[PDB]
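Asks: With the input below, show me the fold.
(chains A, B, C, D, E, F, G, H and I, ligands or ions: 22)
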Amino acid sequence: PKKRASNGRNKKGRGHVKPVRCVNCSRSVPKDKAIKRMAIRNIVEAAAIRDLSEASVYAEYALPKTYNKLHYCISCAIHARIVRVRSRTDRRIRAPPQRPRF
Amino acid sequence: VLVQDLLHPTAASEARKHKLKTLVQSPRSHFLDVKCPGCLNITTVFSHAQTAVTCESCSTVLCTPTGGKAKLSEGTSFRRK
Amino acid sequence: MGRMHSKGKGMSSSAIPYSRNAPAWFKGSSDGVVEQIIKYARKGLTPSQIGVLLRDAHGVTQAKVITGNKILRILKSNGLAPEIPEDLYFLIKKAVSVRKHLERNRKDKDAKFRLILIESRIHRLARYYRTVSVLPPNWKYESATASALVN
Amino acid sequence: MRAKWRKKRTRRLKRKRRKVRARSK
Amino acid sequence: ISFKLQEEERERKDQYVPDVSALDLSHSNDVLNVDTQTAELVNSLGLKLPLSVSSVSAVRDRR
Amino acid sequence: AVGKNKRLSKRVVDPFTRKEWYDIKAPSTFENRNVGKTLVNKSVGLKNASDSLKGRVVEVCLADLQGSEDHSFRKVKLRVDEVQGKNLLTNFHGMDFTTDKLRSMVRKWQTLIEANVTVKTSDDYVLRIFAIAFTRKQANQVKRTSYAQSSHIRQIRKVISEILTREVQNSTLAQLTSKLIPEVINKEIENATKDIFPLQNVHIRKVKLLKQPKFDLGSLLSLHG
Amino acid sequence: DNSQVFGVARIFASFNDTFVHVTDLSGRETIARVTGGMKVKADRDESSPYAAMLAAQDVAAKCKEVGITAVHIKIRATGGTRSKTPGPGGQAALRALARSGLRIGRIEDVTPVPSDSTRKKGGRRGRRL
RNA sequence: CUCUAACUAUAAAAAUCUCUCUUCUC
RNA sequence: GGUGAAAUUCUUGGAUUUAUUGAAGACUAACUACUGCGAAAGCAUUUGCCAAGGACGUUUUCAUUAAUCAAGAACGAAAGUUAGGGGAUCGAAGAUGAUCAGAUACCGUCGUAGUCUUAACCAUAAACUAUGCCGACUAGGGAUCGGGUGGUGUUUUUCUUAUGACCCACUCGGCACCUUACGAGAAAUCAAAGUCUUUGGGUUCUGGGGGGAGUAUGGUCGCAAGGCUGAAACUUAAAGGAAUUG
Ligand SMILES: [Mg+2]
Ligand SMILES: [Mg+2]
Ligand SMILES: [Mg+2]
Ligand SMILES: [Mg+2]
Ligand SMILES: [Mg+2]
Ligand SMILES: [Mg+2]
Ligand SMILES: [Mg+2]
Ligand SMILES: [Mg+2]
Ligand SMILES: [Mg+2]
Ligand SMILES: [Mg+2]
Ligand SMILES: [Mg+2]
Ligand SMILES: [Mg+2]
Ligand SMILES: [Mg+2]
Ligand SMILES: [Mg+2]
Ligand SMILES: [Mg+2]
Ligand SMILES: [Mg+2]
Ligand SMILES: [Mg+2]
Ligand SMILES: [Mg+2]
Ligand SMILES: [Mg+2]
Ligand SMILES: [Mg+2]
Ligand SMILES: [Zn+2]
Ligand SMILES: [Zn+2]
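Replies: Numbering: from 1, shown residues only, chains lettered A, B, ... in the order given. Ligands and ions are numbered 1, 2, ... in the order given. Below is the structure:
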């Protein structure tokens, strides 16, 4: 039976979208059923911020960030802990998991 | 809502609804009398005109075709018919 | 909201005013309006352009309101009605244009389907104009006849 | 079984039978 | 949990009614601020109701 | 990891004894003209080093050339063409952004508009310039998206293209670079399209280079000192 | 400037055998190439942070002997059609490079990112594991 | 009745199973 | 290199990485969304040309010309087939190196046909919204795309204005969405799957337990692959749908 009224795709009026590959297993999966995660982070972690600051010329370097949108498959997304199985009454909710920190 | 007048709905609701959906369907358009600074002739034009209307005396456009209604020529003075 | 040859559902149209008689503010003469229609037709204009010219440049809301006859009816009374009705002629022109575009490039299949649609519409309108006997019963549509009628 | 592979096995039986008929046609 | 002393204290605190009026324009020198719309409401109600008009600057905050 | 099947299909020295340092000299259009040092093999009569330096492309941050930090995210490639002995002279070769800033401004819920133009400057230098712009949410837009229609995008691309053609055909990459440093072209492009669409973050990125007439000695020595 | 002789650190960290490869400003001159697999035994802990740590210490010693005192970090992932996410070792390589006296300037990420080109390895269903 | 910030990151191998199923009314 | 871990493989003829560049072919990242166009497949770099199209505006024109459709036709993903062109990547077959009791499977490295194209075929997909099309009515809440109306609205700046971009209100059309049952269902659920025992708006196609079987035969299309049409003999008391507790 229908487990998802949206079918998981989130297409609703296209018929076909262009697939994208998984970052882990390289699964040719449609771009909308290709759960996306925008990893924006520091090129140097908080573990080495002090070390870099003490041992860097150009006092108060901006310490540029790194940006990458990861296109996971769905099997990896279940397994690589990105997305989790949910209650059938919890599948309703599409909001992100409540603002990890405020 | 269960009891309500359709024979005499409010005129505000009349202007609220779409054309072709009133009690009796009536256009929302109207005509205008425009005067061009050139001569004293009064030209009758349409609100939603589709052509570059000019006075017969002078080759000066008075309206301009537009996806909706007419945009005038920045100097003509009109009165609603 | 039918859109005979597509999936459209629009209803964009015009609502004819309730009052059939002439508008109170109109001062022109019906005979003058008929003369204007005749002159516009003699210029080589189809009835729709005649109506648009009368609505824009003049106070003619619509010919039937002012004169009592329709534009094509007025032209026919004076013997200026074209031998092919305007809508069918425009369909012929569109069909010949798409056929020209097709013969100038073969690989375009979408315009081929659109030409099929236009030809179906032409056939339907020709059938209607044939049962009313506007067109002779031998009137039909093939290649090089559309060009002859258009040119 | 899958309908796909049953279909394919039928197609291979038709392979053999068509070759046999072509030999004896 | 609750007991006689605590509920009596709660009731006595509840019975607090301020002597000074917190309504009927006791503040703002017997003038209360409104906009046009509720002013026309008062007018159409056929009541005098001393008011003070102020436009609400229909531009809404971007939040 | 010593494992090596020695599928080879001591005469060892220290290569650093036969090497030395040259100095990189920036164009006068930049302030901090002392760029850095480059390691080079020692000069040999049969194979002179001075032939080997020319053609080198050094990549330096723009802020390293002007001292400020407003030019932190840009980057400039200089070409080694003429060596004066223990000090070599560099001409402009190209310009680019830093990937960090580029990814920082390429954000969701706004359309990026790219204008690409290949032109010829006042001299015979032939350049290719890329401009990138982003639609801006208005200071009153309660609507949370900031998308732009295709017509607006095409108009913006046309305007940026004509502006770049104008500002390249009217000057040389000496003057063109002296114009790029205060990014007045970005401001001009933003102002020319103020009526069409807001266009936040109008930037000129990856100023390429495709041709060079012969050598252009006199202006090259004139560009330095 | 107080005559800080500059180089570019130019770390390359794949998911196995990270690279630390310092060069001059031009980049045409290569010195102190010593890699992650250069210094570990397990043939697979080449990507481990300790391998990059040891490689970074070696390049720091070599370049300090050379005369270069400050370096420019150019972090590169494996790039191309692959995962193009930075390897586990390169981060520790950068930390160890910043540890050993060397000064740090203009960290950049120079991973090669494509315009969705050259179909990825793995087949339509990809690596099944 | 007043707000848009923090972040990562493991996939070794594991095939198979025989009986026999039995009422609910004051 | 690569991996769970290894090995096959390339390397002091100096590989892996390092800088400029050059060649080829494919692709069009990030922008990319419960967003758009199209009859469906499908469509994502820029510019020009070619024609086409939906929606809206219309006091323009014809006056039933229309809805669905046996026969007939046009397109029809991928794969595949003839030839000519190319030949980067990835990769059916194959070659191996591993894992295993076996592994000619999954992990790995090479690797033809193919992938990319110009003509000619093919007409099948979980070609799915598993919901035919046209038409009417029925319930509340926001947003979103295209168009159009009004604002004594706001920033824009070209002194003011005109645009544009927003803000508020309304309307038409579209992909959609939230709540609810007061309706429908065997329920999962549906704002249509409602207005159906209080059973009739028009109309086309399909199904009558499971298997045999979409098999044989006979036609018909195709170079071939195969497509369309398509039973019976016989066997069986179930097969199947949704949901509840373990
Ligand atoms: Mg299931
Ligand atoms: Mg999903
Ligand atoms: Mg659609
Ligand atoms: Mg698994
Ligand atoms: Mg080499
Ligand atoms: Mg793109
Ligand atoms: Mg769009
Ligand atoms: Mg049929
Ligand atoms: Mg093919
Ligand atoms: Mg071939
Ligand atoms: Mg094999
Ligand atoms: Mg084997
Ligand atoms: Mg394989
Ligand atoms: Mg390969
Ligand atoms: Mg089928
Ligand atoms: Mg079906
Ligand atoms: Mg049966
Ligand atoms: Mg069956
Ligand atoms: Mg047969
Ligand atoms: Mg079941
Ligand atoms: Zn995956
Ligand atoms: Zn005049």
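Asks: and the residue in chain D that chain G sits nearest to, how far is that from chain F?
Replies: Using CB to the nearest CB, residue D:4 is the residue of chain D that sits closest to chain G, at 15.4 Å. All C-beta atoms are positioned from the backbone trio N, CA, C, and that covers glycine. Distance, residue D:4 to chain F, using CB to the nearest CB, to the nearest Å: 41 Å.
Asks: What helix or strand is that residue located in?
Replies: Assigned by DSSP states H and E, residue D:4 falls within helix D:3-23.
Asks: ok now the helix or strand containing residue B:43, how far from the chain's centre?
Replies: According to DSSP H and E, residue B:43 maps onto strand B:42-46. Strand B:42-46 has its C-alpha centroid displaced from the chain centroid by 11 Å (CA atoms, centre = their mean, to the nearest Å).
Asks: Any chance you could list what contacts it?
Replies: The contact list for strand B:42-46 (CB atoms under 8 Å, 6 or more residues apart in numbering or on different chains) reads B:29, B:31-36, B:53, B:55, B:62-63, B:70, B:78, B:81, C:55-59.
Asks: could you redo the last one with a cut-off of 6 Å?
Replies: Contact with strand B:42-46 is made by B:31-35, B:53, B:55, B:63, C:55-56, C:59, as judged by CB atoms under 6 Å, 6 or more residues apart in numbering or on different chains.
Asks: can you map out the strands along chain F?
Replies: F:19-25, F:34-41, F:57-61, F:74-83, F:88-97, F:112-120, F:126-134, F:200-205 (DSSP state E).
Asks: what sits against the residue of chain C found nearest ligand 22?
Replies: Across chain C, the shortest distance to ligand 22 (CB to the ion) belongs to residue C:57, at 14.3 Å. Residues near residue C:57 by CB under 6 Å, 6+ apart: residue B:53.
Asks: for the one 4 residues further on, same thing?
Replies: With contact set as CB under 6 Å, 6+ apart, residue C:61 has these partners: residue C:23.
Asks: What of residue C:70?
Replies: Per CB under 6 Å, 6+ apart, neighbours of residue C:70: residue C:64.
Asks: Got the phi and psi for the residue in chain G that chain E sits nearest to?
Replies: Using CB to the nearest CB, the point where chain G gets nearest to chain E is residue G:109, with a distance of 34.5 Å. Per-residue torsions, residue G:109: phi -110, psi 120 (degrees, to the nearest 10).
Asks: what's the burial count for residue B:28?
Replies: 12 (other CB atoms under 10 Å in any protein chain shown).
Asks: in which helix or strand would I find it?
Replies: Using DSSP H and E, residue B:28 sits in no helix or strand.
Asks: Okay, residue G:20 and chain C: tell me how far apart.
Replies: For residue G:20 relative to chain C (CB to the nearest CB), the value is 55 Å.
Asks: correct me, but that residue touches residue G:57?
Replies: No: with contact defined as CB atoms under 6 Å, residue G:20 does not reach residue G:57; the gap is 9.7 Å.
Asks: These two: which has the busier surroundings?
Replies: Legend: neighbour count by other CB under 10 Å for residue G:20 and residue G:57, higher for residue G:20 (30 against 18).
Asks: Now for the residue nearest to the more buried one when sequence neighbours are not counted, how many residues are close by?
Replies: Nearest non-adjacent residue to residue G:20, counting by CB to CB, 6 or more residues apart in numbering or on different chains: residue G:55, 4.7 Å away. Neighbour count of residue G:55, defined by other CB under 10 Å: 31.
Asks: Let's verify residue G:55: helix, strand, or coil?
Replies: With DSSP: H, G, I helix; E, B strand; the rest coil as the basis, residue G:55 sits in helix.
Asks: wait, what's in contact with it?
Replies: For residue G:55, the contacting residues are G:20, G:34-36, G:39, by CB under 6 Å, 6+ apart.
Asks: one step back: verify the contact between the residue of chain G closest to chain E and residue G:74 for me.
Replies: No: judged on CB under 6 Å, residue G:109 makes no contact with residue G:74 at a distance of 7.9 Å.
Asks: Listing partners with orientation, what would you give for the helix or strand following the strand holding residue B:43?
Replies: Later in the chain than strand B:42-46, the nearest helix or strand by DSSP H and E is strand B:77-80. Note on strand B:77-80: by DSSP bridges, its sheet partners are strand B:31-35 (antiparallel).
Asks: Show me what counts as buried in the strand it pairs with.
Replies: Residues of strand B:31-35 classed as buried by neighbour count (16 or more other CB atoms under 10 Å in any protein chain shown): B:31-32, B:34-35.
Asks: what does stretch A:70-89 give?
Replies: A:70-77, A:82.
Asks: cool, and stretch G:80-98?
Replies: For stretch G:80-98, by 16+ other CB under 10 Å, it's G:81, G:83-98.
Asks: Off-centre distance for that stretch?
Replies: Remark: stretch G:80-98 is offset 6 Å from the chain centroid, using CA atoms, centre = their mean.
Asks: Any idea how many residues pack against residue 24?
Replies: Because you didn't say which chain, this covers chain A. Here the count is done by other CB under 10 Å, and residue A:24 has 21 residues near it.
Asks: wrong chain, I was asking about chain E
Replies: 8.
Asks: ok, so what distance separates it from chain B?
Replies: To chain B, residue E:24 is 36 Å away according to CB to the nearest CB.
Asks: Widest-spaced pair of the contacts of strand B:42-46?
Replies: B:35 and C:55 (19.8 Å; CB to CB).
Asks: what's the closest non-adjacent residue to the residue in chain G positioned nearest to RNA strand H?
Replies: Closest contact between chain G and RNA strand H, by CB to the nearest atom of the strand, is at residue G:129 (5.2 Å). Distances taken as CB to CB, 6+ apart put residue A:25 closest to residue G:129, at 7.3 Å, once the chain neighbours are dropped.
Asks: on that earlier part again, can you name the residues that contact the residue of chain G closest to chain E?
Replies: Contacts of residue G:109 (CB under 6 Å, 6+ apart): A:66, F:99, G:75.
Asks: From these, which land in helices?
Replies: The members of the contacts of residue G:109 that map onto helices under DSSP state H are residue F:99.
Asks: Please report how far the most centrally placed residue in chain E lies from residue E:42.
Replies: The centre of chain E sits closest to residue E:23, judged by CA atoms, centre = their mean, with a distance of 5.6 Å. Distance, residue E:23 to residue E:42, by CB to CB, to the nearest Å: 16 Å.
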